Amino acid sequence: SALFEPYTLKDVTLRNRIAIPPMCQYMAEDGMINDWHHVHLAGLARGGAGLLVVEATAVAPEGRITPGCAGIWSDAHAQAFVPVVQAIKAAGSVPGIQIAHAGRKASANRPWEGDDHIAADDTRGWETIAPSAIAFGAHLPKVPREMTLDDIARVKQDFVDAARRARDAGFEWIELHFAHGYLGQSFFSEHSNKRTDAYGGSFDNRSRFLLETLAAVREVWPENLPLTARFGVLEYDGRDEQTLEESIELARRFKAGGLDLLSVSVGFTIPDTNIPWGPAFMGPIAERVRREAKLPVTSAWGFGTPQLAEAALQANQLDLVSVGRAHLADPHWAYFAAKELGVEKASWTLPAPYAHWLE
């Protein structure tokens, strides 16, 4: 099956096309990960997936989404990832990490603790920053502070330091979080970016923060290790054709700038939208980006059904299939998929201590 064919990008080879997309656990303390993450990630790596991308890890304290988000804004924070990275590699999976900055969606409660912006008097909260002083709305009403040019320079450097730390911690795959309405996505979208300086207005100006951050990270990230990003290419806000055209153009600039693969998603920049949720609904859009930008891609949402994952790959809509929630339900989803697709010696998708007894 196509789902179980290896994939090589730069000097890295994934044993199959199954990728576990970044999934926040909200279990870190002051940005420091712990045994929750170690067992969670090591267990997933042993499950069989070819690539395991660690959850959105903040490049700065205020870049966290919640008080439970992981961070890599200091060398001590990076050190915490070392044993985890080594456990993922020992399991045969490729360790990746998504570095991010929540922007105006920062300083929010954990999903099961309100999922809304933290109250002004809560000692855990903090001031959010963004391209412009405009709130997301809905459950995230906090108005962020408009970033100064110095804030921009500082955040870009935070991304560079985060990438440098990821590199030294042993990660072999990096993903810049430019999607889901967080800082990067918000600089590109006219909904959230009303700036009149070099970082707002035109397509080039709105693209600037993302392109400069990618270029800056590229200086410290090894050429032989996949350099990727997640980016929302449309919002389903009634401006889809225009937005997709601009997003694809930016994807072309990313490719020219050294991006090896693009994780295609939706913007989630504003709440007033009408997203046509459905199993593998992103397939068609991902394929269009892959084709018009001539860049490898991955996407997600509902690919937890083996046959769907297989079909998406065979149709060349995606290069890697990202499966998220199915892996929270069953860390050994790769094994379940191998069986479902009739892969020979499907049990050996898992380590010997398990495989021997399941064959």
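Each residue number is its position in the shown sequence, starting from 1.
**OP:** Compare the mean C-alpha B-factor of 54 to 62 with that of 302 to 310 as given in the PDB entry, and name the stretch with the higher value.
**Re:** So the stretch with the higher mean C-alpha B-factor is 302 to 310.
Subject >> Mean C-alpha B-factor comparison - 236 to 244 and 255 to 263, higher one >> reply: For C-alpha atoms only, the mean B-factor is higher in 236 to 244.
**OP:** Among the candidates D197, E127, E172, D168, give the one with the maximum CA B-factor reported in the record.
**Re:** Going by the entry's C-alpha B-factors, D197 comes out highest.
Original post:
With respect to the C-alpha temperature factors reported in the PDB entry, which of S186, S74, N224, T228 ranks highest?
Top reply: Highest CA B-factor of the listed options: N224.
Subject >> Assigned third (lowest, middle, highest) for the C-alpha B factor of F178 >> reply: Its C-alpha B-factor belongs to the lowest third of this chain's values.
Original post:
Looking at the C-alpha B-factor of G92, is it in the lowest, middle or highest third of its chain?
Top reply: Ranked within chain, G92 CA B lands in the middle tercile.
Original post:
So where's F159 on the chain's Cα temperature factor ranking, which third?
Top reply: Lowest third of the chain for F159's C-alpha B-factor.
**OP:** Select lowest, middle or highest to describe the third in which the CA B-factor of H38 falls within its chain in this entry.
**Re:** It falls in the bottom third of the chain.
Subject >> Modelled-residue ranking by C-alpha temperature factor, third containing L320 >> reply: Bottom third by C-alpha B-factor.
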